[PDB]
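# Residue-level structural notes
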Amino acid sequence: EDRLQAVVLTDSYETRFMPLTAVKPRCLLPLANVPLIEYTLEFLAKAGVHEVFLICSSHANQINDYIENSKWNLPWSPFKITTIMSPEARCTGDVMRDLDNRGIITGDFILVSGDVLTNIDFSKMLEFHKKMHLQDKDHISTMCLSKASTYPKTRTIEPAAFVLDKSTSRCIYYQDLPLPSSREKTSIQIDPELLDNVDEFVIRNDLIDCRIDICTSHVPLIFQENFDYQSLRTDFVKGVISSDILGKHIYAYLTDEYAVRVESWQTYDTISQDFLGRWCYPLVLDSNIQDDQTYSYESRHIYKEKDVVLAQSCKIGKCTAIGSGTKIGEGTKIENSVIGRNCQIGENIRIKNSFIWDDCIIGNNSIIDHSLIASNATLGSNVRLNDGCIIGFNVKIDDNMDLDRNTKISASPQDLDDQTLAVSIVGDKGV
Amino acid sequence: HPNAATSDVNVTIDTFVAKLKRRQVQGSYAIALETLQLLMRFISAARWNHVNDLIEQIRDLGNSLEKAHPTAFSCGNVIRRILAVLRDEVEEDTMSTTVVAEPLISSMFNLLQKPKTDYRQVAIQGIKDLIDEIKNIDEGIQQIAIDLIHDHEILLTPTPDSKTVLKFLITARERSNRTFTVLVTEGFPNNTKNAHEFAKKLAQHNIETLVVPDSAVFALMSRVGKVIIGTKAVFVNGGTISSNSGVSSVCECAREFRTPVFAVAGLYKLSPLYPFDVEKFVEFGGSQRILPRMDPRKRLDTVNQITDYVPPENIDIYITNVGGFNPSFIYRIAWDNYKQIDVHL
Amino acid sequence: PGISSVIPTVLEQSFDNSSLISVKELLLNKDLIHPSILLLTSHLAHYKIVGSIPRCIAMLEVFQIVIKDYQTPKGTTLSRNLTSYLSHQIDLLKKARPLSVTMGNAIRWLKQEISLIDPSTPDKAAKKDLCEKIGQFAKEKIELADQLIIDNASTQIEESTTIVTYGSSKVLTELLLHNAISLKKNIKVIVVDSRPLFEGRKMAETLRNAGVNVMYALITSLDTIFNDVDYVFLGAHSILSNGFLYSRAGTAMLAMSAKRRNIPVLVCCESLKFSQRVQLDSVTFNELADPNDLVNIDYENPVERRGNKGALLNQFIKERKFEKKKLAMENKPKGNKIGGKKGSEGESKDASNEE
Amino acid sequence: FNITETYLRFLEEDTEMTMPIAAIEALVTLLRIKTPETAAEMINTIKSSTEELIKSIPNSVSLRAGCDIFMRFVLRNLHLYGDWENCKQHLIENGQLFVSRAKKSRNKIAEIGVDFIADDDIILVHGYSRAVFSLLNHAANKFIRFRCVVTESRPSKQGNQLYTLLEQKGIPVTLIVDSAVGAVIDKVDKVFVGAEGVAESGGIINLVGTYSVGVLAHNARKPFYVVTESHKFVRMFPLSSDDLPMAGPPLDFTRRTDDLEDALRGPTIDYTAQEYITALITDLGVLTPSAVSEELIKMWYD
């Protein structure tokens, strides 16, 4: 039961985040003023991992240096990190064949695509994986699933409909649909080869993807055998079910508690608001995992670290978090918004539902509403922003600037409007 | 001081740090036991030869341990307890190496008058005595506590979570001469499961069990004889942090009805720290357990807290292994076990 | 005739003042009872929304239906078997759920109206004017009176204020809706709830549907939410001749905390809500309900778990009893809003003599 | 013709013509000129003049209360559907008769409210009302033994004004500060107060420190008194401890200053709840608790 090795799929969902991932890697980005990898690594430590693998190619040097600085290079750590260096941008199937050629996989291994934060204890998962593996010999991989946020009427990016067994919890079908975003298609066709073997068919769209896998030694051998499979969910799972090798089984695990994989910007925004709320009971800012963290919980869901500086007669809102070494001026409203470490803030600034990362200076008399700001970027005076307006790295927005809905700004000095240099396309400037 | 020196020799530091942060370790009694075994491993393994360098290193280790987990007061107290046991024997040792030292009593006033051995063995035995003290508290409680409660008296109980209080209640029910009715507040968001196990163990022993919703506390306060608290941590001013939910209001309800308030605790549970603000000391819960569905949770900003605080204005007795003390005296019991310097680690 | 005696759970050593039993699932009854009564009794047996005020409105409407369906027999006159039929209704209502005070004043009004009209006038001309009068009575004593409470409260509440509430009172829901929409203020509304029923949850849900800044809380978590609050509104059920506030569950606890933490308590009421009956503690006459609602680990309402609790009858003394209708102490509330505008709680019986 | 100007003419007068009774007499004079035969022309212009009076008010409450009673009496006149002329003549005459009733009421109270002050009792008096001081003077006329303690109230310095008016009578006195007023409640038999208004709830509308007096007396169990003339009742219900009609500051916090100019600002009028009053005295009998509300219900018929 002991000795567990894990593989982390990084360099996987890049450019899915449109203005960012230009200079710095995908997983370096902070959720709550702390890197996304740190959440995943904490999940690994709570699970019980002895050996860690990471997949880096694009901006790999910055990843390796961050692991050097990490809390896991030190000898006392329960796991050791070894990085896989591959050619620039390849599918998950290509990496699977590379790892099988190297041959380090022993018994049961772990694979996670994307960075997932969950409060779900993994010890129960391992036991039920092992109990079901002892049921029949030809059994492959395990999939995690959680109950949806009320109804997925706002959730269009993840339209995965799952057909599941009531008795054995085996997946049958995977399907993506545009539906309310693009009213074009309605039809879903299902294979009738598996009707009387299951009988208790349960079709659900009300389940959130996790893309966290417990996998057997069979998996890397199948990837090398069938090199046509590029994906791990859309084509692979469906391919396994639809009589590729007869008598082979794959798991689908239902859990009542919170487990959401990060993929899009507006999903990231919801997860962040869930983290500011007490949705993830163990995963809260006050517990402090990065060790440098000194966050303290205050009533009405207000988070403050040590060395928080604030000007008198200022109103703070609900579900807010502010980093260390941070200064705030007078006449400020902070409502449902995250502000990073070492961030200097001017005066008369109204913030609602917005986002600001580390080391950011904001000019006086500015209103920011439901819009994101990256690290080491400065805002000028008289700046008005709308919903879903993501601002890139080191972007210096000068005095007197108005930007409408969904006005994305590039992080590199290409195709989209507004760049990094002074007066960003309000008068032609930029490399 | 960092854990760079203590890594290959001492590994169990970081496993306790892991047990605190993810809350794998549960109940102050257990946290204390672990820190005892930590300090047991620290003395048995290390090489020092010098005494003052050793003590200040222990102080830094305790400082880092409390910064790692703020609700682990039992962690902080146990270290502070051994620190003072060490400091007395060092001050006794320095008097023999130099060569009235006995004025009257054991006072304070450290602002007035100025100032190889088996010391390590004493440090070893000092840990052993602390364990045995934590092992047996109930014997020291029952001789003071089961003298104050009468026949046909109704007992209302917030915090059914404490192992200490339940066992105190079972020893009194063992006495066939004593009869009492037990009211138990549920403590919905956290205590529920523990409150139900509490009601089961009372029925197991055949004691008149009454399960109370957290709304109905007022609707009974006219009929209540006494109130008992299952506290986690006791403080300088008298006040307590208790094992979660629905205590503060019950104590407020008791004081308005002038109903007596009892508290059952240990000296290791007792803390020399001062609660200047409840805002910092109290830990908050998970709102997931209240309300389902996350799209309404955008607008439903729900508030839930685990630990509950009681101000000293309500409770009257803190029955320990030593005896019963008033909240206006408990500071002395604390200073009898922990020194003034051994606070700000 | 009905089902009587044989009750679930123990008889209980403490608190045995009221009936704890009744018909939930329909088995053996008289075949003359009007189905609208049978619907309301099945509703009130497992009701989540109602709390004093709407119960009487529904009782009035059911009566209006009965009179509209009523055709006078050729032999027996109007005041012959009507009052017996109404007594059968009340007895079936009593079996399902103990009546409110406002329900009693309605019945007393109806019985006065039966005596007022003599059997001499034509039958179709009689009931046509009767239902018109009931409609006017419901207009005056409820709807128009409610609007009067609304505007009385409007002057009382300051601009940009925090309010903590409790229950599912119709008057307060409409109060807060008037504050948010028609007046447009910065109202932070915090709602509290107990365990037997999620009254506050439903109110918060409706406030969310309006789009209000709502915090939702519990009784256990009170000494943290207060340390903010300016006003506390309580859903009235009945104010006695004493001046004591006989209301829902987690009411007095809130009232106590408020009085001690400086900020006052306010209670919205109706001129039909006052009674001449008197009591001084919660033990006196309580609205007890079956522990069946308190068996499950709550979260929602139906979850059906294989949990820790299950046995009540076979267990050697395990009284899991809860109350619903409790009493607030007299001195603690400060304002009362009614048909006669305003008046403090110590002046309780200035409405009963004014009639 | 003006009503605010007529009220402003009373500067060196006062004492006999009580502040509301002079405003009521001013209301009757404004009524009797432009014909009280019409109820559309007159009542609307009376309502406009009261609204103009409220707009000119800085920190007075009783003038609004006195208007209500006038209005009520006017409406009640022709409630018998009587001759539109004898009812009018009785209305105009009830202006000088209203002021004459202030004398008759003071004659009643000063013989009723001397009974409360027993044989040799030390009194701590707070505020200044014409009814309370008239009790104090006509008890000295009755040749009764009583000691007096002066409270240092700070509106327009009222304590010093009270102290000087006690010197003119011949009763031994000493100055007590409102800060130290807690340290006096042991050598004091009874605490007396004169109110600016009495609430619908049964509470009190009073000066710059009266609630503080009420609570301390409730702690020391020593009696707390309110004595007034029966015209200071408004349909007012101050819901909280710090909510009142104001033209000035409801607690203002000022910026950093060096010259020292913006400071004073504090609640000049404060409310106390119904429980703190042990006894209340007016000409309308001897009554305290629910009595005030019953008076208001009787008047307003609502």
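What counts and how
Residues numbered from 1 in each chain as written, not as in the entry; some residues may be left out. Chains lettered and ligands numbered in written order. Part of a larger assembly, values for the part shown. Heavy atoms only, no water. Residues with missing side-chain atoms left out of burial classes, pairs and counts. Domains from an automatic or database assignment. Contact = heavy atoms within 4.5 Å. Helix = DSSP H or I, 4+ residues; strand = E, 2+ residues; numbered from the N terminus. Nonpolar A, V, L, I, M, F, W, Y, C, P; charged D, E, K, R; others polar. 1 Å grid on protein atoms, 1.4 Å probe; cavity = no way out; pocket = protein on both sides within 12 Å on 5 of 7 lines; lining within 4 Å. Points joined across faces, edges and corners; volume = space filled by probe spheres on them. Pairing = 2+ DSSP bridges. Axes fitted to C-alpha atoms, helices over the stretch in contact; angles between N-to-C directions.

cryo-EM is the method the PDB entry lists for this structure, together with a resolution of 4.15 Å.

## Looking at the domain arrangement of chain B
Residues and elements named next belong to chain B. What the domain assignment lists for chain B is domain 1 (9-135) and domain 2 (137-336). Between the C-alpha centres of domain 1 and domain 2 the distance comes to 30 Å. Contacts between domain 1 and domain 2 engage 16 residues on the former and 16 residues on the latter. Every element with two or more residues in the side of domain 1 that touches domain 2 is listed here: α2 (28-45), α4 (73-98) and α5 (119-135). Broken down by element, the residue count for the side of domain 1 that touches domain 2 peaks at five residues, all from α4. Among the residues forming the side of domain 1 that touches domain 2, the class breakdown is four nonpolar, six polar and six charged.

## Some thoughts on empty space enclosed by the protein
In this model, the largest cavity occupies a volume close to 360 Å³. Forming the walls of the largest cavity are 18 residues, and the residues nearest its centre are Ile67(C), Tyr70(C), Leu82(C), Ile114(C) and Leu130(C). Mapped onto the lining of the largest cavity, the elements with two or more residues apiece are α2 (53-69), α3 (82-96), α4 (101-116) and α5 (123-156) of chain C. Ranked by residue count, the leading element in the lining of the largest cavity is α5(C), at six residues. Per-class residue counts for the lining of the largest cavity are 13 nonpolar, one polar and four charged. Each pocket or cavity is described by its volume, and for the second largest cavity that value is around 190 Å³. Along the wall of the second largest cavity there are 18 residues; nearest its centre are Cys27(A), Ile37(A), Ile63(A), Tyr66(A) and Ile67(A). Looking at side-chain class alone, the lining of the second largest cavity contains 11 nonpolar, three polar and four charged residues.

## Quick notes on the sheet that holds strand β6 (residues 240-242) of chain B
Residues and elements named next belong to chain B. Pairing in this open sheet of three strands is antiparallel, and the strands run β5-β6-β8 from one edge to the other. Looking along the sheet, the strands with just one partner apiece sit at the ends: β5 (231-234) and β8 (308-310). With direction set aside, neighbouring strand axes in the sheet form an average angle of 25 degrees. The sheet contact formed by β6 and β8 spans three bridges and is antiparallel. Bridge pairing in β8 places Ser242 opposite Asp308.

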